[PDB]
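**Student:** Line order of the protein sequences matches chains A, B, C and D. In terms of this note's numbering, the first sequence is numbered consecutively and its last residue is 11. In terms of this note's numbering, the second sequence is numbered consecutively and its last residue is 11. In terms of this note's numbering, the third sequence is numbered consecutively and its last residue is 297. In terms of this note's numbering, the fourth sequence is numbered consecutively and its last residue is 297. For every residue, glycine included, the Cβ atom is placed at its ideal position computed from N, Cα and C. Submitted below is the structure of interest, expressed as structure tokens.
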Amino acid sequence: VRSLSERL
Amino acid sequence: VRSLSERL
Amino acid sequence: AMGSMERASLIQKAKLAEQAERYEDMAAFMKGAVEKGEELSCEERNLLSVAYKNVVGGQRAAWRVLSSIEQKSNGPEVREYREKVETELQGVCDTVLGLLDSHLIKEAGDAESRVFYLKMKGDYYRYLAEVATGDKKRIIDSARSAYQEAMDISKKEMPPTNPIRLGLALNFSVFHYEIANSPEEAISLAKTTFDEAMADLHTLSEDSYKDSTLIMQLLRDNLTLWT
Amino acid sequence: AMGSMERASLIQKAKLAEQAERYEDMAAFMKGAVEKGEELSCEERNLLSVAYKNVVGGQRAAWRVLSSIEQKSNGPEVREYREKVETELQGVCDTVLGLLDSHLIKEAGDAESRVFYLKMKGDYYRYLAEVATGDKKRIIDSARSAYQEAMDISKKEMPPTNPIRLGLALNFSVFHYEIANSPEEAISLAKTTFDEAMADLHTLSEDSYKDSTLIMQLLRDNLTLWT
Ligand SMILES: N=C(N)c1cc(-c2ccccc2)c(CNC(=O)Cc2ccc3c(c2)OCO3)s1
Ligand SMILES: N=C(N)c1cc(-c2ccccc2)c(CNC(=O)Cc2ccc3c(c2)OCO3)s1
Ligand SMILES: [Mg+2]
Ligand SMILES: [Mg+2]
């Protein structure tokens, strides 16, 4: 699974 | 609430 | 802009655009395919419908948000932006209606294809009617006429469980309830459609049974909301 | 095309486009606002970021779908369509980078605004790096340089719980893990960021505490996935 980046 | 129309 | 791409490549790219959730691209590829001038297969008709339903669906959802904001406010910005979205929605509907009129409907001899396109005609006039005012009457009659012709063919040529016939009756019932201010006509059509389909389920394979019952569920949900 | 609209009207329309989930329109309105040449407020910076994040996010999701299909196939259609989406994604990233370079960054004197824009610069070079090959090295160094300058300012000028500082460190850690093949650097940055923020939570109001802990949760989720 892909890493989580900053969410809005 | 609105009526449901044909879904894909 | 799609005139230089092969028909088969446009169809393949429409399928890829669907998987990528790129519905504007999907619609452009399918418009290009229609403009090659050959009739469309069942699968291709469904690609066309899925693409434009998703494009206009996003526009309709945006228009409803903006119209709601505009109604509560009663500067020019909300009205101007609602008008911009409305014009774009009308342009998409006009594009679809133009493909149907030049020349999908007239070349559709089989009942399955002619009913499919006439239903689409009713649907896109219905979406125009949702944003029309006063002009509204003429758009409403155009939607009604297309749906009625589709209904007449479907009742003569298709079984009551056929998914196209069921989806047509569903959408015509929505037209009656939401557009034409005929809620009793909507309820009567939904009930008769549901009951006639129920009585024909015994003829269907397991796969067809699933197809038909899924649409019947939408008829029942509307009847619950309407009564 | 937005040059004739008032700055305040462009901002109001960006807010409406957000509510309508019309992110391409939102980005066009915010580009127009930036091109008026005035610095942006905190709220306006967030509108700019939300608009372009949503536009490029849809493009990145589509590119990943198409790239996956293309990798399994190894006709020209999948490659051609992936290339089309890739070119459009690169164009959006180039637009954002051009706004940052002409002239948002150079006019940003406050730490909050300069860090915000330098983080954005790192992010949009990171999105370019996701699709780049071999050229890839130069894009990676540009992302790294922007993120590092932002980090240096943020460590000198902001508390460890500041949401911009936390989101910067989060995204730089993702850069290290997913782009730069530096998973240990990613883990170290995420852990140190999390721990330093934890030790500063006692200084925050209930509202700020919620803001900071939400981003810290993403750091912890990545650490769980990475270890
Ligand atoms: N790419 C796509 N989107 C599709 C490709 C094909 C396809 C058609 C022919 C040959 C190959 C593919 C599709 C077939 N769908 C239908 O015919 C209508 C339908 C029937 C039952 C239902 C329903 C819809 O909804 C609730 O129950 S959809
Ligand atoms: N229209 C919009 N989208 C927004 C308008 C404003 C706004 C700003 C200033 C004045 C008025 C409005 C927004 C403020 N958001 C932030 O500053 C960042 C943030 C902080 C904590 C978080 C987080 C994000 O995610 C997880 O926890 S967002
Ligand atoms: Mg040919
Ligand atoms: Mg002015």
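Kindly indicate which three-state DSSP category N232 (chain D) falls into: helix, strand or coil?
**Tutor:** coil
**Student:** Which residue from D:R290, D:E255, D:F186 and D:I209 puts its Cα closest to that of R115 (chain D)?
**Tutor:** The shortest C-alpha separation from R115 (chain D) is found at D:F186.
**Student:** In chain A, which residues lie less than 8 Å from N241 (chain D) when you measure between Cβ atoms?
**Tutor:** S8 and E9
**Student:** For the putative contact between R184 (chain C) and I249 (chain C), defined by C-beta atoms under 8 Å, what is the C-beta separation to the nearest angstrom?
**Tutor:** Incorrect: roughly 23 Å between the Cβ atoms, too far for contact.
**Student:** In whole angstroms, what is the alpha-carbon distance linking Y217 (chain C) and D193 (chain C)?
**Tutor:** 8 Å
**Student:** So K83 (chain C) contacts chain D; which residues on that side make the cut at Cβ distance below 7 Å?
**Tutor:** Per Cβ cutoff of 7 Å: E147 and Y151.
**Student:** For chain A, find out if any of its Cβ atoms is closer than 8 Å to the Cβ of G237 (chain D); answer yes or no.
**Tutor:** yes
**Student:** List, in order along the chain, the chain D residues whose C-beta lies closer than 9 Å to that of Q160 (chain C)?
**Tutor:** Chain D residues near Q160 (chain C): none, gap ~16 Å exceeds 9 Å.
**Student:** So, do the stretch 217-227 of chain C and the stretch 260-275 of chain C have three or more beta carbon pairs nearer to each other than 8 Å?
**Tutor:** no
**Student:** Would you say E76 (chain D) touches ligand 4, meaning its beta carbon is less than 7 Å from a heavy atom?
**Tutor:** yes
**Student:** Find out if the Cβ-Cβ distance for the pair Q129 (chain C), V162 (chain C) is shorter than 8 Å.
**Tutor:** yes
**Student:** Can you list the residues of chain A that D95 (chain D) reaches, using a CB-CB cut of under 7 Å?
**Tutor:** Those within 7 Å of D95 (chain D) in chain A number zero; the least Cβ separation is about 17 Å.
**Student:** Pairing CB atoms from the stretch 165-182 of chain C with CB atoms from the stretch 98-109 of chain C, are three or more of them under 8 Å?
**Tutor:** yes
**Student:** Checking 8 Å against the spacing of the C-beta atoms, do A202 (chain D) and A213 (chain D) come in under that value?
**Tutor:** Not closer than 8 Å, so no.
**Student:** Take the Cβ of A90 (chain D) as the centre, count every other Cβ of all protein chains shown within 10 Å, and call the residue buried at 16 or more, exposed below.
**Tutor:** buried
**Student:** Counting only beta-carbon atoms, is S74 (chain D) nearer than 8 Å to chain C?
**Tutor:** no
**Student:** Tell me the rounded alpha-carbon separation between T263 (chain D) and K225 (chain D).
**Tutor:** 11 Å
**Student:** For ligand 2, is there a heavy atom less than 7 Å away from the beta-carbon of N232 (chain D)?
**Tutor:** No, the beta carbon of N232 (chain D) sits no closer than 7 Å to any heavy atom of ligand 2.
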